[PDB]
């Protein structure tokens, strides 16, 4: 739809909606977050994309969780993007998901070694 994240284009909306409603009514204290790379950013790609983290887990913890999965080089930085807006580190993934999840009940987060937009 938005032609930005690849997970929306590789799977139909009906399967993504029923996957979100299934994982929500099963694990209520966690949020589904799809993590994907930025357009042609100089950063390794994350083969694992579906991430189920707890709601009260903060964005700061999510930065450490994802950066370990990427095996990122120590020189680069990591910037997340929730609706092309660098999310507040002092916020929780449950509040971001509550305010930014799409119609398929999924929070989409993109990472990049450079701030595309946010600050």
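What we label the rigid core is the largest C-alpha set whose atoms superpose within 1.5 Å from one form to the other. Positions refer to the first chain, counted from 1.
Each structure in 8 other deposited structures of this protein is fitted to the shown form on the rigid core, and of 30-38 and 66-74 the C-alphas lie farther away on average for 66-74. With each structure aligned by its rigid core, the stretch whose Cα atoms sit farther from this model in 8 other deposited structures of this protein, between 52-60 and 39-47, is 39-47. Split the chain's modelled residues into thirds by C-alpha temperature factor. Residue 31 is in the middle one.
Sorting the modelled residues of the chain by their CA temperature factor places residue 54 in the middle third.
Among the modelled residues of its chain, residue 82 has a C-alpha B-factor that falls in the middle third, as given in the PDB entry. Among all modelled residues in its chain, residue 66 ranks in the middle third by Cα B-factor. Sorting the modelled residues of the chain by their CA temperature factor places residue 99 in the middle third.
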